[PDB]
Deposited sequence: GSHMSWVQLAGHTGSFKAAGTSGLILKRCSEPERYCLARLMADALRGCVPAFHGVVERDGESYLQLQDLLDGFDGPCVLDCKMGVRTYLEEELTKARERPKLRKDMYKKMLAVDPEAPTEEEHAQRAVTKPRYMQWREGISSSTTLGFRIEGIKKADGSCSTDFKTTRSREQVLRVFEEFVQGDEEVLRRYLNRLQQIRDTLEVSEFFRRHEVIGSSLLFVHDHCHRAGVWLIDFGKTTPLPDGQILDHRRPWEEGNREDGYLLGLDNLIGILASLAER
């Protein structure tokens, strides 16, 4: 029905118009959604209708991706081998912002993960925290990770920080689709068509795509959709340089491994389909 329905049952706000949702405006994301409405990827992303002012603050007017669905099941998949901007590595070297919260969140999962100095600081840098998160999840090895699942009653889970192996990921999607062969076939058809669109997209070859997700939505009527969301960390390459989105990331090359992720994701769903 609507995302705000689930939020009720915080960058998001209810829109006045039916089938729309408001997201806190960010300059990079607004720039990206405007470009995307004129790109090959237009149909692979939520409709962007412009910006509205609400309680003296700027909001993106977006398609509510849950509108078409009757009690939607939702899975958010963060795409890429790298999940932070290269500029974070520079800031952490010249002027580190020590994060006590990120130390705690790290300590919780692996008490041996922090260094002697991090233990002394009770704090880590963001890039260090994000690189650690990439390695204990599937991000580093498969180029994506499951972030959360969110059904319509309100039953939700974010308990996937150590979902890392191909077979672990397959079992999460297995549980998500609950043996619905039609939903899985539709998901795979949609991902195949998204990969084809990304491989010809003028936007995609010219932009570093960090921290974006694929949103999987299905319902008990076997309706299934997938969209790219969250362009808040998607930035243009300088002087007409391009990415292949498959080759390994090395500081300076701005590679995101987005298509390495999508290739592996398609391979896992295709594997599940044959079980």
property	result
Missing stretches, numbered from 1 on the deposited chain sequence and kept in order	10-13
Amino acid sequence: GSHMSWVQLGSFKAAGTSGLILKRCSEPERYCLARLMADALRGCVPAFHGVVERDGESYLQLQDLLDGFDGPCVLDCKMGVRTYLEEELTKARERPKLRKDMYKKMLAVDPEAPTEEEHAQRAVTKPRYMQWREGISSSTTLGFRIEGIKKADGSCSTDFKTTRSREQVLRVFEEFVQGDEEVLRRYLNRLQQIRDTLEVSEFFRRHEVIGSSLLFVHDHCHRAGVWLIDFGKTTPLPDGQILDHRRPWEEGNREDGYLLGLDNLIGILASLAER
From here on, numbers count along this sequence of modelled residues.
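Just so we're on the same page, rigid core means the largest C-alpha set that superposes within 1.5 Å between forms.
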| item | value |
| --- | --- |
| Comparing 113-121 and 145-153 where Cα RMS over structures and residues is taken in 9 other deposited structures of this protein (core fit), larger one | 145-153 |
| Unresolved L9 in a third or more of other entries flanked by modelled residues | yes |
| Residue stretch of maximal mean CA temperature factor, 244-252 vs 34-42 | 244-252 |
| Mean Cα B-factor comparison, 71-79 or 120-128, giving the higher one as deposited | 120-128 |
| Most elevated Cα B-factor in the entry, residues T234, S213, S26, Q63 | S26 |
| Deposited CA B-factor, highest of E208, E57, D219, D230 | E57 |
| Third of chain Cα B-factors occupied by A14 | highest |
| Third of chain Cα B-factors occupied by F176 | lowest |
| Chain thirds of CA B-factor: placement of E147 | lowest |
| CA B-factor placement of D159, once the chain's modelled residues are sorted into thirds | middle |
| For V183, the third of its chain into which the C-alpha B factor falls | lowest |
